[PDB]
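Counting from 146, one number per residue, gives the positions in the sequence shown under this note's numbering.
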Amino acid sequence: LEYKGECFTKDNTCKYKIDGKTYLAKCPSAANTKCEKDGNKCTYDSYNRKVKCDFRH
Numbered sequence: 146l147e148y149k150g151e152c153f154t155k156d157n158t159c160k161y162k163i164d165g166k167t168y169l170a171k172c173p174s175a176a177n178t179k180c181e182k183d184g185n186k187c188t189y190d191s192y193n194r195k196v197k198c199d200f201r202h
C-alpha cells in the first residue's frame, strides 16, 4: 500500500514516514505533479522507488 506522505511548496519537496525510521522524498518539477502550496498531498512508491506528488482543493 502506498505510503502517506506530504509535499512542500513549489520548492519541490516531499516527506514520507516509514515504520521504524522516517525519510525524505523528492518530487518531479512537472506542473502536473508539482505543488502550489506547501503541505499538499504526496506519495512515495517503494516498488518502483518513484515519488509522485498530487494536489487538490
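No residue lacks a Cβ here, since even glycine has one placed at the ideal position from N, Cα and C.
Within 10 angstroms of the beta-carbon of residue 185 lie 16 or more other beta-carbons, which makes it buried. Under DSSP, no beta-bridge partner is assigned to residue 192. With 16 or more other Cβ atoms inside 10 Å of its own Cβ, residue 197 counts as buried. Taking the CA atoms as reference points, residue 177 sits about 31 Å from residue 165. Here DSSP, grouped into helix, strand and coil, assigns residue 164 to coil.
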